[PDB]
Ligand SMILES: CCCCCCCC/C=C/CCCCCCCC(=O)O[C@@H](COC(=O)CCCCCCCCCCCCCCC)COP(=O)([O-])OCC[N+](C)(C)C
Ligand SMILES: CCCCCCCC/C=C/CCCCCCCC(=O)O[C@@H](COC(=O)CCCCCCCCCCCCCCC)COP(=O)([O-])OCC[N+](C)(C)C
Ligand SMILES: CCCCCCCC/C=C/CCCCCCCC(=O)O[C@@H](COC(=O)CCCCCCCCCCCCCCC)COP(=O)([O-])OCC[N+](C)(C)C
Ligand SMILES: CCCCCCCC/C=C\CCCCCCCC(=O)O[C@@H](COC(=O)CCCCCCCCCCCCCCC)COP(=O)([O-])OCC[N+](C)(C)C
Ligand SMILES: CCCCCCCC/C=C\CCCCCCCC(=O)O[C@@H](COC(=O)CCCCCCCCCCCCCCC)COP(=O)([O-])OCC[N+](C)(C)C
Ligand SMILES: CCCCCCCC/C=C\CCCCCCCC(=O)O[C@@H](COC(=O)CCCCCCCCCCCCCCC)COP(=O)([O-])OCC[N+](C)(C)C
Ligand SMILES: CCCCCCCC/C=C\CCCCCCCC(=O)O[C@@H](COC(=O)CCCCCCCCCCCCCCC)COP(=O)([O-])OCC[N+](C)(C)C
Ligand SMILES: CC(C)CCC[C@@H](C)[C@H]1CC[C@H]2[C@@H]3CC=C4C[C@@H](OC(=O)CCC(=O)O)CC[C@]4(C)[C@H]3CC[C@]12C
Ligand SMILES: CC(C)CCC[C@@H](C)[C@H]1CC[C@H]2[C@@H]3CC=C4C[C@@H](OC(=O)CCC(=O)O)CC[C@]4(C)[C@H]3CC[C@]12C
Ligand SMILES: CC(C)CCC[C@@H](C)[C@H]1CC[C@H]2[C@@H]3CC=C4C[C@@H](OC(=O)CCC(=O)O)CC[C@]4(C)[C@H]3CC[C@]12C
Ligand SMILES: CC(C)CCC[C@@H](C)[C@H]1CC[C@H]2[C@@H]3CC=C4C[C@@H](OC(=O)CCC(=O)O)CC[C@]4(C)[C@H]3CC[C@]12C
Ligand SMILES: CC(C)CCC[C@@H](C)[C@H]1CC[C@H]2[C@@H]3CC=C4C[C@@H](OC(=O)CCC(=O)O)CC[C@]4(C)[C@H]3CC[C@]12C
Ligand SMILES: CC(C)CCC[C@@H](C)[C@H]1CC[C@H]2[C@@H]3CC=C4C[C@@H](OC(=O)CCC(=O)O)CC[C@]4(C)[C@H]3CC[C@]12C
Ligand SMILES: [Cl-]
Ligand SMILES: [Cl-]
Ligand SMILES: [Cl-]
Ligand SMILES: [Cl-]
Ligand SMILES: [K+]
Ligand SMILES: [K+]
Ligand code: NA
Ligand code: NA
């Protein structure tokens, strides 16, 4: 089978490290400050850590036999909690597929813009590339899965190499890169970038909703709990270590990109300030550059305007593009196999008879082709809207709802003293799980109150329907 | 004992008819349109009608013995729903006391301003008068309750006389009243006032939130269900007829004041337009008055600026002041006797052991003096804030919460097929109750999302605590 490392840690890191690490973290650091983005990352880390503690408590309760995160949750805490969590998580993964594919397509379109290869329009090209990508990924999922075990390590190595390449690039200031920002590690840039600089229609929690899908993916290790040799011990430590490593990398990258790149920058070489005019207080002014004229007009570079800041900073640019592709495609593929399997397992249990027609599977491996079609349609529908910053809040809402369900389910089972609930995890507390559920609920209401209200209305309706069923 | 007219209908109408009907309905008609105010009244009427159907189902379920709405709810529908509903309703009545007393104090200060009798400040005078009024009302509730049976009829007669006096006043246009608006029943004024004219920080639901406490008070007939001769027949028809009559009066008054008084008006006599300037399209311009110059400056008269439009329109001004006092004081007294009784009944059941110290009662009639002190403190604290337009949304939030609890609890009992749930009401449907609960929840999030979220988190915490208790 799979050892704890290759079965939980690698998959969790690959699912967590997705689209926001490379093409949105720098923008988040620009919009907030360095310290305030550290606060955002810490809040997401607290949410995912409490959810991971709850998930480990679920894993340590019961028997090894049985695979899938929905299976463990349903056999541990109630048909009603199992069904609600499974449905919400399946929808969350289905829309996460779209978010990751849109990030990949945006990166591809940005790379094509360098060669001036435009087919119809930037948004239209993003839509076309996303549709092609999701079709290809669905074909890969339904046809080729034996290569996945060998490809996980390759993708993780490529992503780590891209991260190291960016970190190396931050330590090599270049004169050519200076007009586009990236003056190197300077105290002036750190001082300027420490405070928030939110623009119009940008707040702390909008940026948090953009970032939060980065922290998601912690349930990748539990999704193949059956495939693990010792799921009761592999899942807890694997998930917790993956959360720790990804959070440390996020914090380090945020601080580095905030301390090495200015918020606003032009892209023209002959912008130097030989004689200071009125003693400009900007960090770029102290670095012999004049970006004061940029803020009046639209800027095309800097933390606030360029989503490919990390690609620019890195010494070997195509490695980062491979890293972006690796991260986005790995996360999209992980979410594209998690949702159909969860939906099929939910339909086998016949929790909702309306969805029972999706229980049919085809092939030797019992592939949920009907479920695959449903998740493909959901992902495609969310790809026809081709903005990462509008899709990401939806991902945040649904993953926060799933995490609140998991935390509240374990807390309610501990409080009710359910006969089948006796977790063996040492670091699980029912009150910390309740705190995590409350935090997720409050955060998802703060991000978007009506979307959250609709989510809870649906969740309560499903819970009541399953509770009172024939 | 008490019949359905003097025991349900009269008290329900007296509790429903309060501060808004007299000092905020004209302002609501000004802010919204005539049609939009009619829509507001219809939405409130739908909410209260569904809640009344649920309450009638509760009343028809069970046995006659036992008094108080909380008693019927708890005996019919669980200890958990009963306790949550009782606590939320007690808090709602405690803050409604403050709302009604603040409205009375605002009317008193407005009357005193005519004689230029100012003690400290308008807000400070409102606060002082409200504190004195709530102290006197608490003393009345503690000591004198035998007069109340003979006082309900007198208060209702006075209020109806005030309503009729206003309606008569609308039919007697006067030259002296014309500068302050009130040009009589004219088609020009109706056409102008039909469309919304919301000001800054005023929306449909903020106006709805301000109006909604007017429609509340439908459970006053149920709070003395023990005192009724035949509660299972007295409560349903009495409550429904009271809702119908009050809604018809609200609609008629709204249409009348919108069709007889202009939105903005000055207060100076020599404002006449002998020759039209640029063919002014305002209704007042067509009525030989020039209020165009008023819109640039702050206006002191009209629907938008005067809260005592109905007092001005009526032929006998002191009668309306008696009507305002009668309505406000009757509703405040009803809430101030409902809240302590419900809290004491809740504390007797020992649903929440933290509140058990409030179960003690003094006197021959077992007056909850400890409970009276708590509601007096809550009302006083909400009187220290002396704006009706800010207290009223809180009242809307908490009464909508109580109504959603009642509707959802009866729907859940019907769905769960509880052993003690077998309502005899012919016009009760569980799906209509569920729709009413959903409507109340959605409306209370629309009015104020974080207040509604806090209320529902508290309600869920209470429900879970009672469910899993020793
Ligand atoms: C903004 C985002 C942050 C969220 C803010 C709110 C965070 C609030 C978080 C709250 C978490 C609770 C922390 C209590 C810690 C006590 C430690 C202890 O030893 O107690 C002990 C007993 O004593 C108790 O039972 C604890 C009392 C819990 C009551 C909770 C109120 C909060 C509910 C919601 C408040 C709503 C707040 C809104 C208020 C308007 C432990 O209990 P036990 O039973 O012995 O455990 C054994 C179980 N076992 C046998 C299975 C092993
Ligand atoms: C704080 C207090 C105030 C709270 C109020 C706040 C408002 C919150 C409101 C919360 C809403 C909760 C209402 C419960 C839902 C109805 C459940 C039900 O009746 O099932 C019944 C009917 O079943 C059906 O008729 C069809 C099943 C529909 C699935 C359920 C709703 C899903 C909502 C999402 C839709 C997603 C699609 C839309 C989005 C794309 C089951 O059949 P039965 O025979 O009647 O049961 C008897 C069984 N017994 C005999 C064993 C007992
Ligand atoms: C997508 C969907 C996501 C859903 C998640 C998102 C929603 C999350 C919603 C979460 C709602 C919060 C639930 C909390 C549960 C209560 C804890 C409890 O049960 O009793 C605890 C005690 O607790 C106390 O002794 C304190 C008093 C009661 C606690 C507070 C309820 C009021 C909530 C705040 C009011 C503040 C008022 C402020 C006024 C200004 C446990 O004590 P025990 O002795 O161990 O119990 C033994 C019982 N047993 C033997 C059966 C085990
Ligand atoms: C929030 C989004 C919606 C939430 C989920 C929707 C949940 C809907 C889920 C399931 C729908 C229920 C289907 C009923 C069939 C189930 C079996 C059954 O009970 O038969 C029923 C047939 O009743 C009907 O067939 C009428 C259909 C009712 C649909 C509306 C419920 C309110 C929706 C609100 C939408 C608000 C929209 C927003 C408003 C602002 C028979 O029951 P009964 O005979 O009537 O009971 C008599 C009891 N008695 C004997 C004591 C008198
Ligand atoms: C999906 C179809 C639903 C149809 C049924 C419902 C009919 C439509 C119902 C209500 C319709 C109301 C439309 C908006 C009109 C303005 C309202 C307003 O006052 O602003 C408020 C919200 O409004 C917004 O934030 C605007 C953004 C659009 C969100 C719209 C409500 C979604 C309802 C989702 C329904 C989920 C369940 C769905 C059930 C099917 C916020 O104003 P505020 O100033 O921030 O408040 C602060 C208060 N304070 C100042 C005192 C602190
Ligand atoms: C305590 C336990 C019990 C649970 C009850 C807890 C109750 C909650 C307590 C508190 C809730 C906060 C109340 C603030 C009132 C502002 C009103 C307002 O402006 O409306 C807006 C406020 O929603 C926002 O988006 C604002 C978020 C940033 C502002 C931050 C201030 C502190 C919020 C820190 C709060 C977290 C505290 C710590 C938690 C981590 C909403 O309208 P909108 O955003 O324009 O609509 C967006 C729609 N769209 C996305 C489609 C565009
Ligand atoms: C924003 C949304 C607005 C609407 C929600 C507003 C809050 C609603 C507040 C109160 C409503 C009342 C609870 C809901 C209906 C429960 C009915 C039920 O199933 O009973 C069950 C018990 O229930 C429990 O054991 C604990 C309750 C957990 C319900 C959790 C759903 C989480 C969704 C959270 C989504 C909302 C998150 C809230 C914060 C935003 C089963 O009971 P039984 O089978 O009869 O067996 C009893 C055996 N006994 C007799 C021995 C004990
Ligand atoms: C998850 C762990 C780390 C506990 C964190 C709890 C609090 C310490 C966090 C949760 C919500 C955070 C708040 C969320 C929103 C804001 C608004 C934010 O204001 C801005 O948007 C920037 C305005 C400006 O300074 O220019 C200031 C930080 C603050 C108060 C945050 C302060 C820190 C808070 C209270
Ligand atoms: C893969 C990630 C997640 C973990 C590994 C982290 C390394 C990629 C980082 C951490 C410390 C960094 C080093 C910190 C200090 C330096 C010194 C710095 O200066 C030089 O040695 C000479 C530079 C030159 O002239 O080229 C060169 C980059 C380097 C090795 C950095 C290379 C990249 C390092 C090893
Ligand atoms: C992916 C993660 C796990 C590894 C990356 C973490 C570190 C390699 C980065 C992140 C934060 C960076 C620090 C951010 C700020 C500074 C201040 C900087 O100070 C100056 O040189 C300016 C002072 C001056 O010369 O005047 C020294 C480099 C340093 C420590 C950076 C060193 C490299 C750090 C530690
Ligand atoms: C039996 C009846 C009472 C059922 C009512 C259900 C709907 C017909 C009601 C419920 C919510 C109402 C809506 C609540 C909020 C608004 C926003 C409101 O916006 C404005 O204030 C526009 C101001 C302007 O015209 O300048 C317009 C009315 C409307 C759509 C209302 C239209 C009628 C709605 C949909
Ligand atoms: C909640 C209850 C109190 C509502 C009762 C309705 C009456 C108060 C309204 C409904 C019809 C109205 C009547 C409609 C028509 C007229 C004719 C009208 O004739 C005149 O203009 C006489 C002029 C004058 O007397 O100087 C006098 C008002 C009056 C009686 C109105 C008086 C007030 C009435 C009776
Ligand atoms: C407490 C309530 C139930 C008492 C009943 C209310 C009626 C006495 C009021 C409310 C609406 C009023 C109506 C609102 C608008 C008009 C239009 C108005 O039209 C004209 O005057 C046209 C003449 C012109 O301007 O040339 C005639 C009076 C009338 C029917 C009003 C008659 C008196 C009404 C019915
Ligand atoms: Cl991501
Ligand atoms: Cl996840
Ligand atoms: Cl009122
Ligand atoms: Cl009421
Ligand atoms: K992720
Ligand atoms: K009322
Ligand atoms: Na990834
Ligand atoms: Na009254």
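By Swiss-Prot numbering, chain A shows 284-753, in order.
Per deposition record, electron microscopy, 2.5 Å.
Cβ from N, Cα, C; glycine included.
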Listed in Swiss-Prot for the chloride 2 site shared with A:500, A:501, A:682, A:686, one of A:372, A:387, A:590: A:372
Per Swiss-Prot, A:298, A:299, A:496, A:497, A:499 bind K(+); matching candidate in A:354, A:383, A:584: A:383
Pairwise C-alpha maximum, in angstrom, for the residues (A:301, A:302, A:303, A:496, A:497) that bind chloride 1 according to the record: 9
CB-centroid shell, 8 A cutoff, chloride 2 site A:372, A:500, A:501, A:682, A:686, site residues removed: A:331, A:334, A:375, A:499, A:502, A:685
8 Å Cβ shell about A:297, A:300, A:610, A:613, A:614 centroid, Na(+) site members excluded: A:296, A:298, A:299, A:301, A:438, A:439, A:442, A:500, A:609, A:611, A:612, A:617
Residue distribution over DSSP helix, strand and coil in the topological domain 'Extracellular' (A:396-405): 3 helix, 0 strand, 7 coil
In sequence order, the binding-site residues (A:300, A:372, A:682) whose C-alpha falls within 10 A of residue A:499 (K(+) binding site): A:300, A:682
Recorded positions near residue A:610 (Na(+) binding site), in sequence order, restricted to A:496, A:501, A:553, A:682 and a 10 Å Cα cut-off: none
Using Cα positions only, nearest of the binding-site residues to residue A:562 (N-linked glycosylation site) (A:302, A:383, A:501, A:613, A:614): A:302
For the transmembrane segment (A:599-623): best-contacting stretch of A:287-316, A:487-504, A:520-541, by Cβ pairs under 8 Å: A:287-316
Same-chain residues at least 6 beyond the ends of the topological domain 'Cytoplasmic' (A:337-367) whose Cβ lies under 8 Å from its Cβ atoms: 373, 501-502, 505-510, 513-515, 518-519, 522-523, 621, 624-625, 628-629, 632, 634-635, 688-690, 692-696, 701, 703-708, 710-711, 716, 719, 742, 745-746, 749-750
Dominant neighbour of the transmembrane segment (A:287-316) in A:433-454, A:487-504, A:652-672, A:673-691, by Cβ pairs under 8 Å: A:487-504
Spatial neighbours of residue A:302 (chloride 1 binding site) among the recorded positions A:372, A:500, A:501, A:553, A:686 [C-alpha, 10 Å]: none
